[PDB]
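**Student:** Let me give you the structure first, and then I'll get to my questions.
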Amino acid sequence: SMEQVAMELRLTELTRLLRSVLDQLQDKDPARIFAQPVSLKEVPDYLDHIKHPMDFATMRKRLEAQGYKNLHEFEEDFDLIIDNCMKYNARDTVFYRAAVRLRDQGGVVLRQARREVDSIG
């Protein structure tokens with residue numbers, strides 16, 4: 001149908017907007033602490049602690065499969081990255097501190113993305 005195509009054009013454009021959002025969020029992690037999954041070879045007990053691991057490469061795979069329906073789902077994944085880190089790592093670690101800084105700096109980007117997604121529809 002012509003509607004299914006219109007729908008698909010919106011998703012594609014949402015994917016386009018979220019790709020730019022993801023790039024902006026990932027620039028706020030210059031140390032690449034959150035770039036890839038926590039290694040289960042290097043942290044073999046990780047899943048006893050964190051039940052839903054997340055990282056920026058995993059979000060990117062989902063993004064490029066147009067697997068995000070709306071900004072809320074995307075934010076859910078971003079929030080996992082931060083919250084998992086703040087639980088696994090103690091307050092006085094470079095990892096926890098990195099997550100706090102990503103949360104704080106990401107807020108600005110996510111604030112404007114929500115306005116853009118509502119605005120453009």
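For the structure tokens, the naming scheme is as follows: chains receive sequential letters (A, B, ...) according to their order of presentation, residues are indexed from 1 within each chain, and ligands are indexed from 1 in presentation order.
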Using only C-alpha atoms, which residues sit within 8 Å of residue 56 of chain A once same-chain residues fewer than 5 positions away are excluded, as a PyMOL selection string?
**Tutor:** chain A and resi 22+26+34-36+81
**Student:** Using only C-alpha atoms, find the one residue out of A:52, A:19, A:114, A:10 that sits nearest to residue 80 of chain A.
**Tutor:**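 The answer is A:52, which sits nearest to residue 80 of chain A.
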**Student:** Residues of chain A classed as helix (DSSP H, G or I) by DSSP on the backbone are to be reported as a ChimeraX atom specification.
**Tutor:** /A:2-27,46-49,56-64,71-88,94-120
**Student:** Measure the distance from atom CA of residue 16 of chain A to atom CA of residue 65 of chain A in Å and round it to one decimal.
**Tutor:**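 Distance reported for this atom pair: 11.8 Å.
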**Student:** Just the residues within 12 Å of residue 66 of chain A, please, counting only C-alpha atoms, with nothing from its chain fewer than 4 positions along; format it as a PyMOL selection string.
**Tutor:** chain A and resi 8-19+59-62+70-71+73-74
**Student:** For N, CA, C and O atoms, I'd like the residues from the last selection saved as a compact mmCIF listing (two decimals), in the first residue's frame.
**Tutor:**
```
# COMPACT_ATOMS: atom_id res chain seq x y z
N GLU A 8 6.88 3.69 6.29
CA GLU A 8 8.27 3.35 6.05
C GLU A 8 9.17 4.58 5.79
O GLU A 8 10.32 4.60 6.23
N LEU A 9 8.69 5.59 5.07
CA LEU A 9 9.45 6.84 4.90
C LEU A 9 9.69 7.57 6.26
O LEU A 9 10.81 8.12 6.47
N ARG A 10 8.66 7.62 7.11
CA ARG A 10 8.73 8.22 8.50
C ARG A 10 9.75 7.46 9.38
O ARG A 10 10.66 8.08 9.91
N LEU A 11 9.62 6.13 9.48
CA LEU A 11 10.62 5.28 10.15
C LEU A 11 12.05 5.55 9.65
O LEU A 11 12.99 5.62 10.46
N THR A 12 12.20 5.74 8.35
CA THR A 12 13.50 5.92 7.78
C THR A 12 14.01 7.26 8.19
O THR A 12 15.23 7.45 8.40
N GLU A 13 13.12 8.24 8.24
CA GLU A 13 13.54 9.56 8.65
C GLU A 13 13.82 9.60 10.18
O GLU A 13 14.77 10.31 10.59
N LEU A 14 13.07 8.80 10.94
CA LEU A 14 13.26 8.66 12.42
C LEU A 14 14.63 8.03 12.67
O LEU A 14 15.38 8.47 13.54
N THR A 15 14.92 6.99 11.86
CA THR A 15 16.23 6.35 11.86
C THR A 15 17.32 7.29 11.54
O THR A 15 18.39 7.21 12.17
N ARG A 16 17.08 8.21 10.58
CA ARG A 16 18.02 9.24 10.24
C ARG A 16 18.27 10.20 11.39
O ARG A 16 19.41 10.58 11.64
N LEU A 17 17.20 10.64 12.04
CA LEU A 17 17.33 11.55 13.20
C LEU A 17 18.06 10.85 14.37
O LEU A 17 19.00 11.41 14.95
N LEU A 18 17.63 9.63 14.68
CA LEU A 18 18.28 8.85 15.76
C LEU A 18 19.74 8.51 15.48
O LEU A 18 20.55 8.45 16.42
N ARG A 19 20.12 8.33 14.22
CA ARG A 19 21.53 8.14 13.89
C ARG A 19 22.36 9.35 14.27
O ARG A 19 23.46 9.19 14.75
N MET A 59 23.45 -0.69 20.10
CA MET A 59 22.33 0.23 19.75
C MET A 59 22.39 0.55 18.28
O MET A 59 21.37 0.70 17.62
N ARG A 60 23.62 0.70 17.77
CA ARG A 60 23.83 0.97 16.38
C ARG A 60 23.30 -0.19 15.50
O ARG A 60 22.73 0.05 14.47
N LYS A 61 23.49 -1.42 15.90
CA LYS A 61 23.00 -2.56 15.10
C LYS A 61 21.47 -2.45 15.06
O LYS A 61 20.86 -2.57 13.99
N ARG A 62 20.86 -2.18 16.20
CA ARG A 62 19.40 -2.06 16.25
C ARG A 62 18.95 -0.88 15.39
O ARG A 62 18.07 -1.02 14.53
N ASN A 70 10.22 4.41 18.15
CA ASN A 70 10.08 5.79 18.63
C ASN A 70 11.32 6.17 19.48
O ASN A 70 12.11 5.29 19.79
N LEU A 71 11.48 7.45 19.78
CA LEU A 71 12.56 7.94 20.64
C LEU A 71 12.54 7.29 22.02
O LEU A 71 13.63 7.09 22.59
N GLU A 73 11.99 4.20 23.04
CA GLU A 73 12.71 2.92 22.99
C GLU A 73 14.25 3.14 22.95
O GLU A 73 15.00 2.41 23.56
N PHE A 74 14.66 4.12 22.18
CA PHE A 74 16.03 4.54 22.01
C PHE A 74 16.60 5.05 23.33
O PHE A 74 17.67 4.61 23.75
```
**Student:** How many Å separate atom CA of residue 6 of chain A from atom CA of residue 120 of chain A?
**Tutor:**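 These atoms are spaced 14.1 Å apart.
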**Student:** Which residue gives the smallest distance to residue 102 of chain A among A:30, A:53, A:121, A:37, with only C-alpha atoms counted?
**Tutor:**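 Among the listed residues, A:30 lies closest to residue 102 of chain A.
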**Student:** Between atom CA of residue 46 of chain A and atom CA of residue 99 of chain A, measure the distance and give it in Å to one decimal.
**Tutor:** 17.3 Å
**Student:** Residue 89 of chain A: which residues within 12 Å, counting only C-alpha atoms, same-chain residues fewer than 6 positions away excluded, as a JSON list (two decimals) with N, CA and C atoms, in the first residue's frame?
**Tutor:**
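Output file result-v3.json follows:
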```json
[["chain", "number", "residue", "atom", "x", "y", "z"],
["A", 46, "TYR", "N", 29.51, -11.13, 34.68],
["A", 46, "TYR", "CA", 28.78, -9.86, 34.45],
["A", 46, "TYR", "C", 27.24, -10.07, 34.47],
["A", 49, "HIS", "N", 25.19, -9.95, 37.54],
["A", 49, "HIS", "CA", 24.97, -8.60, 38.05],
["A", 49, "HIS", "C", 23.99, -7.79, 37.19],
["A", 50, "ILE", "N", 24.20, -7.78, 35.91],
["A", 50, "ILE", "CA", 23.49, -6.96, 34.97],
["A", 50, "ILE", "C", 22.67, -7.87, 34.06],
["A", 82, "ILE", "N", 23.98, 3.67, 30.97],
["A", 82, "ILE", "CA", 24.36, 4.48, 32.13],
["A", 82, "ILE", "C", 24.05, 3.73, 33.42],
["A", 83, "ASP", "N", 22.79, 3.21, 33.50],
["A", 83, "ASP", "CA", 22.35, 2.67, 34.78],
["A", 83, "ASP", "C", 23.13, 1.36, 35.09],
["A", 95, "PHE", "N", 34.92, 4.41, 35.50],
["A", 95, "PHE", "CA", 33.73, 3.95, 34.79],
["A", 95, "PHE", "C", 32.48, 4.64, 35.30],
["A", 96, "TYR", "N", 32.22, 4.62, 36.61],
["A", 96, "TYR", "CA", 31.03, 5.32, 37.15],
["A", 96, "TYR", "C", 31.04, 6.79, 36.76],
["A", 97, "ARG", "N", 32.22, 7.43, 36.92],
["A", 97, "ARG", "CA", 32.31, 8.86, 36.65],
["A", 97, "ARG", "C", 32.02, 9.14, 35.16],
["A", 98, "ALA", "N", 32.49, 8.27, 34.29],
["A", 98, "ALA", "CA", 32.19, 8.40, 32.88],
["A", 98, "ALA", "C", 30.71, 8.37, 32.57],
["A", 99, "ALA", "N", 29.99, 7.45, 33.23],
["A", 99, "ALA", "CA", 28.55, 7.37, 33.07],
["A", 99, "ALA", "C", 27.82, 8.61, 33.55],
["A", 100, "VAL", "N", 28.27, 9.20, 34.67],
["A", 100, "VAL", "CA", 27.61, 10.39, 35.20],
["A", 100, "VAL", "C", 27.72, 11.54, 34.16]]
```
**Student:** If we count only C-alpha atoms, what is near residue 106 of chain A at a cut-off of 12 Å, once residues fewer than 2 positions away on the same chain are taken out, given as a ChimeraX atom specification?
**Tutor:** /A:21-29,75,78-79,81-82,98-104,108-113
**Student:** Using C-alpha atoms, can you export the residues from the last selection as a short mmCIF file (atom, residue, chain, number, x, y, z; two decimals), in the first residue's frame?
**Tutor:**
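out_12.cif written:
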```cif
data_model
loop_
_atom_site.label_atom_id
_atom_site.label_comp_id
_atom_site.auth_asym_id
_atom_site.auth_seq_id
_atom_site.Cartn_x
_atom_site.Cartn_y
_atom_site.Cartn_z
CA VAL A 21 21.42 11.64 18.08
CA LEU A 22 23.49 8.47 18.56
CA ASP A 23 26.58 10.11 17.04
CA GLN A 24 26.14 13.12 19.27
CA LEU A 25 25.75 10.90 22.41
CA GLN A 26 28.72 8.78 21.50
CA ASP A 27 30.97 11.90 21.05
CA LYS A 28 30.27 12.50 24.74
CA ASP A 29 32.20 9.25 25.52
CA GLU A 75 16.27 6.41 25.30
CA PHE A 78 20.77 4.76 26.35
CA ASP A 79 19.61 4.79 29.93
CA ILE A 81 24.16 1.89 29.30
CA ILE A 82 24.36 4.48 32.13
CA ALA A 98 32.19 8.40 32.88
CA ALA A 99 28.55 7.37 33.07
CA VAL A 100 27.61 10.39 35.20
CA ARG A 101 29.26 12.71 32.61
CA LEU A 102 27.50 10.91 29.72
CA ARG A 103 24.15 11.20 31.45
CA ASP A 104 24.68 14.90 32.18
CA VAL A 108 20.91 18.43 26.31
CA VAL A 109 20.97 16.31 23.10
CA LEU A 110 17.97 14.20 24.18
CA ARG A 111 16.00 17.30 25.22
CA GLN A 112 16.30 18.74 21.71
CA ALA A 113 15.70 15.41 19.96
#
```
**Student:** Using only C-alpha atoms, find the one residue out of A:93, A:39, A:58, A:20 that sits nearest to residue 116 of chain A.
**Tutor:** A:20
